[PDB]
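# A closer look at the structure
Below are the chains, spelled out letter by letter.
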Amino acid sequence: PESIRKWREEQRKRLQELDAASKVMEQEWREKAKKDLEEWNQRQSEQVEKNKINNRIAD
Amino acid sequence: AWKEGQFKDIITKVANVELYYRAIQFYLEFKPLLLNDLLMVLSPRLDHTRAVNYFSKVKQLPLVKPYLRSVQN
Amino acid sequence: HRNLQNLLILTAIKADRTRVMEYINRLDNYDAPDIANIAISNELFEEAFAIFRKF
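Residues numbered from 1 in each chain as written, not as in the entry; some residues may be left out. Chains lettered and ligands numbered in written order. Part of a larger assembly, values for the part shown. Heavy atoms only, no water.

### Re the overall build of chain C
The condition is simple: Secondary structure elements are taken from DSSP: a helix is a run of H or I of four residues or more, a strand is a run of E of two residues or more, and numbering for both begins at the N terminus. The globule rule used for comparison is 2.2 Å times the number of residues to the exponent 0.38, while the radius of gyration itself is calculated over C-alpha atoms. Each residue is assigned to one of three classes by its accessible area relative to the maximum for its type, calculated with a 1.4 Å probe on protein chains only: buried under 20%, partly exposed between the two thresholds, exposed over 50%. Any pair of residues with heavy atoms lying within 4.5 Å of one another is described as a contacting pair. The Shrake-Rupley method, run with a 1.4 Å probe, gives the accessible areas here. Residue values count only the displayed protein chains as cover. Under the counting rule used here, the positive set is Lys and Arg, the negative set is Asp and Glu, and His together with the chain ends is not counted. We put the charge of a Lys on NZ, of an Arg on CZ, of an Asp on CG and of a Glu on CD.
Helices and strands together make up the secondary structure of chain C, namely 4 helices and 0 strands. When the helices and strands of chain C are placed in sequence order, the string is α-α-α-α. For chain C, the C-alpha radius of gyration of 10 Å lies close to 10 Å, the compact-globule estimate for 55 residues. Projecting the C-alpha coordinates of chain C onto the three principal axes gives extents of approximately 25 × 25 × 20 Å. In chain C, which comprises 55 residues, the proportion classed as buried is 29%. Of the contacts made within chain C by residues no fewer than 6 positions apart, 54% connect residues no fewer than 24 positions apart. Carbon together with sulfur atoms contributes 55% to the accessible area of chain C, which is approximately 4200 Å² in total. Looking at chain C, you have 7 positive and 8 negative side-chain charges, and the mean spots of the two groups are 5 Å apart.

As structure tokens, then:
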């Protein structure tokens, strides 16, 4: 019945959908990593400021 | 296709040591928290100069501060 | 270190990369003056300086 046409088309569409899904998942993971980095840098800056205050109040 | 345990086990059995830098970059892009865990086991088979050079390039020196305490020897 | 120093130090000198410093800082039970003279014969002199400073 020459099913090679659908054989190629359905698989190509499924692969194109899976690639887009994987790209969206990777972008979401990158955004989560950036949010974690921003959350860690703020705490690091707060700790640096607390250490500076403790060194100032030492004298 | 990614998994924490499988990658942590197969990272030590590779031949090409240049893949360590690419893995570190991809982790920093995806999972920056596991960078210290990866460096703890990759420390023998990885250069310490290029790692800190890349960390200073991307401005991530204090992120690996606890790792530097185990390489002072 | 029986015929094993050139397999790591001399092979790294042929590449002229920063891996020589790590190899010096990691390899033990080697011959210092031999690799020092080998480095002096090449274009890399800072490695021989570091070796002479270590000993």
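### Here's the deal with the interface of chain A and chain B
Threshold: Salt-bridge detection follows one rule: a side-chain nitrogen of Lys or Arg within 4 Å of a carboxyl oxygen of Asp or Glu. The definition of a polar contact used here is a pair of N or O atoms within 3.5 Å, where within protein one atom must be able to donate a hydrogen and the other to accept one, and adjacent residues in sequence count solely through side-chain atom pairs. Basically, the charged four are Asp, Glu, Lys and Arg, the nonpolar ten are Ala, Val, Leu, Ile, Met, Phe, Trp, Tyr, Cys and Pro, and anything else, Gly included, counts as polar.
Each partner contributes residues to the interface: chain A has 7 residues there, and chain B has 6 residues. Between chain A and chain B we count 0 salt bridges in total. For the pair chain A and chain B, the interface holds 0 residue pairs in polar contact. Each residue belonging to the side of chain A that touches chain B can be placed in one class, and the counts come to 4 nonpolar, 1 polar and 2 charged.

### A word on the packing of helix α1 (residues 6–13) of chain C against helix α3 (residues 32–41) of chain C
How two helices pack is summed up by the angle between their axes together with the distance between the axes. Residues and elements named next belong to chain C. Operational definition: To obtain each axis, a line is fitted to C-alpha atoms, and for helices this fit is confined to the stretch in contact; angles are then taken between N-to-C directions over 0 to 180 degrees. In what follows, roughly perpendicular refers to angles from 65 to 115 degrees, roughly parallel to angles under 35, roughly antiparallel to angles over 145, and oblique to any angle outside these ranges. Left-handed is the label given to a crossing in which the near helix is rotated counterclockwise from the far helix by less than a right angle, and right-handed is the label when the rotation is clockwise.
Between α1 and α3, the least distance of the axes is 10 Å, while the angle of their chain directions is 15°. With respect to each other, α1 and α3 are oriented roughly parallel. Regarding α1 and α3, the two cross each other, and that crossing is right-handed. Facing α1, whose interface residues are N6, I9, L10 and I13, α3 presents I35, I38 and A39. Of the residues belonging to the contact of α1 with α3, the class tally is 6 nonpolar, 1 polar and no charged.

### Considerations on helix α2 (residues 19–26) of chain C
Given 3.6 residues per turn, any residue in an α-helix points the same way as the ones three and four places further on. Restricting attention to buried positions, one finds in α2(C) the residues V20(C), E22(C) and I24(C). Elements in contact with the buried residues of α2(C): α4 (48–57) of chain B together with α1 and α4 (46–54) of chain C.

### Re the interface of chain C and chain B
Accessible area lost when the parts come together is the quantity often used to give the size of an interface. Short version of the rule: The term buried area refers to how much accessible surface (probe radius 1.4 Å) is lost by two components on association, counted for both of them together.
Contacts between chain C and chain B engage 4 residues on the former and 6 residues on the latter. A combined buried area of about 350 Å² lies between chain C and chain B, and 32% of that area is made up of carbon and sulfur atoms. The largest per-residue losses of area from chain C upon contact with chain B belong to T18(C), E22(C) and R26(C), which jointly make up 84% of the total buried on that side. Summed over the shared surface of chain C and chain B, the result is 0 salt bridges.

### Regarding the packing of aromatic side chains
Note the following rule: Centre distance within 6.5 Å is the pairing criterion for rings of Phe, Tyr and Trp, where only the six-membered ring of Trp is used; planes under 30 degrees apart are then read as stacked, over 60 as edge-to-face, and the remainder as tilted. Criterion for a charge above a ring: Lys NZ or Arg CZ within 6 Å of the ring centre, and within 35 degrees of the ring normal.
What the rule picks out here adds up to 5 aromatic pairs over all chains. With 6.1 Å between their ring centres and 85° between their planes, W29(A) and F30(B) make a pair best called edge-to-face. Taken together, the residues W29(A) in helix α1 (residues 4–56) and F30(B) in helix α2 (residues 19–30) connect one chain to another. With relative accessibility at 37%, the residue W29(A) sits in the partly exposed group. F30(B) sits in the partly exposed class, given a relative accessible area of 24%. Following the ring pairs from residue to residue traces out a cluster consisting of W2(B), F7(B) and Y27(B). Just above the ring of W29(A) sits the side chain of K31(B); from NZ or CZ to the centre is 5.8 Å. Above the plane of the ring of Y21(B) lies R50(B), whose end atom (NZ or CZ) is 3.8 Å from the centre.

### Regarding the nonpolar core
Among soluble globular proteins, nonpolar side chains are generally buried collectively. Put simply, the test is: Definition used in this section: a nonpolar core is a set of buried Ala, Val, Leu, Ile, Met, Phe, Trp, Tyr and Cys residues joined via side-chain atoms within 4.5 Å.
The biggest cluster of nonpolar side chains holds 19 residues, and the ones touching the most others in it are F7(B), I24(B), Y27(B), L35(B), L39(B), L46(B) and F55(B). Elements that contribute at least two residues to this core include exactly α2, α3 (35–42) and α4 of chain B. Considering each element in turn, this core owes the most residues, 6 residues, to α2(B). Other than its neighbours up to four places away in sequence, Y27(B) contacts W2(B), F7(B), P32(B), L34(B), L35(B) and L38(B). Counting 10 residues, the second largest nonpolar core, distinct from the first, contains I13(C), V20(C), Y30(C) and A36(C).

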